[PDB]
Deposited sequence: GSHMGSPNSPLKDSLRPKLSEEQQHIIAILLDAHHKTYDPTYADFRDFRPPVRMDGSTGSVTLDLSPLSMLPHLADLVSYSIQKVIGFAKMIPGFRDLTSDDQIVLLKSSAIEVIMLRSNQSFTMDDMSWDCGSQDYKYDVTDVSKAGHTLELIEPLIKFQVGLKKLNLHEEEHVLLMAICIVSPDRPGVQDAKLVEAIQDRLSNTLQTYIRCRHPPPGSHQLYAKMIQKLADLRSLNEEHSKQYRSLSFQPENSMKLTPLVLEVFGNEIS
């Protein structure tokens, strides 16, 4: 059954998500405006991602055990996971109706052609949409969604990690919490192999991360594109 500790973890993660995800998207007004007449969507989506990096950091900080990490280990975990967590969290605005991310208005509704106008090809974008579709098909409980974000961040195998054993221990605590949550709270048939499926999505995200990285390296190699980015994006994603 779910221990008291485990239900505590869940409550904390739900709150941390509610504190860092504004389902009104009101802050989008502050971004450089979307332009859809090349790379016309890069300023707007660069800003979106920059905002989102900030929110993901604020979520990460609230993950039980995360603070016990070194500063260096917190830094490497966020650097490698940020894109993956933005892809994960983005699923909540994502809609199967038109395979787009719908952030409350036509201006902030993003489709495959918009992403394309930020400098990215179908080699990223097609697997990104399929990922969004498969995740949506899981119909996760919000509790599952926040746990999966946290397990994504606190991954022991990330490049640069120093205290692997400690990152492992934090994550195992969250993995066990997720496994037990599914067993106690998620009815069959939806529960069928749901943990393994959720772990497969984390492998999908590694692959998405790699592809995004290579297309980012290309895009940002040109200084006129790198200019349209934000300082946080350059720092977290590289230069």
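- Comparing the deposited sequence with the modelled residues, the stretches lacking C-alpha coordinates are 1 to 17, 55 to 66, 269 to 271.
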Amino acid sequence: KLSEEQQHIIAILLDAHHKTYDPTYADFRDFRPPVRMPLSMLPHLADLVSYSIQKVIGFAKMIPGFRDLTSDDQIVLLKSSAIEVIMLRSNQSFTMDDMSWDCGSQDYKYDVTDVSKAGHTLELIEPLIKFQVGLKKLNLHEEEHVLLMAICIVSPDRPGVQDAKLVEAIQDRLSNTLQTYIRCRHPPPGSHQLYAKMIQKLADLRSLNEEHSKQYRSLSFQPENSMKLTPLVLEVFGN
From here on, numbers count along this sequence of modelled residues.
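Take the two forms, superpose them, and find the largest set of C-alpha atoms that agree within 1.5 Å; that set is the rigid core.
- Relative to the displayed structure, the C-alphas of 212 to 220 lie farther away on average in 9 other deposited structures of this protein than those of the other candidate, with 212 to 220 and 6 to 14 compared after rigid core superposition.
- When the other structures are laid on the shown form by the core, the C-alphas of 25 to 33 and 181 to 189 differ in how far they drift in 9 other deposited structures of this protein; the larger average drift belongs to 181 to 189.
- The PDB entry reports B-factors from which the mean C-alpha value can be compared for 5 to 13 and 226 to 234; the larger average falls on 5 to 13.
- Just going by the entry, 151 to 159 versus 85 to 93 on mean CA temperature factor gives the higher value to 151 to 159.
- Comparing the C-alpha B-factors of 169, 124, 75, 133 in the entry, the top value falls on 169.
- Residue 174: CA B factor in the middle third of modelled residues in this chain (values from the PDB entry).
- The deposited CA B-factor of residue 68 belongs to the highest third of values across its chain.
- Among all modelled residues in this chain, the alpha-carbon of residue 25 has a temperature factor (C-alpha) in the middle third.
- Among the modelled residues of its chain, residue 80 has a C-alpha B-factor that falls in the lowest third, as given in the PDB entry.
- Annotation for residue 184: CA B-factor lies in the highest third of the chain's modelled residues.
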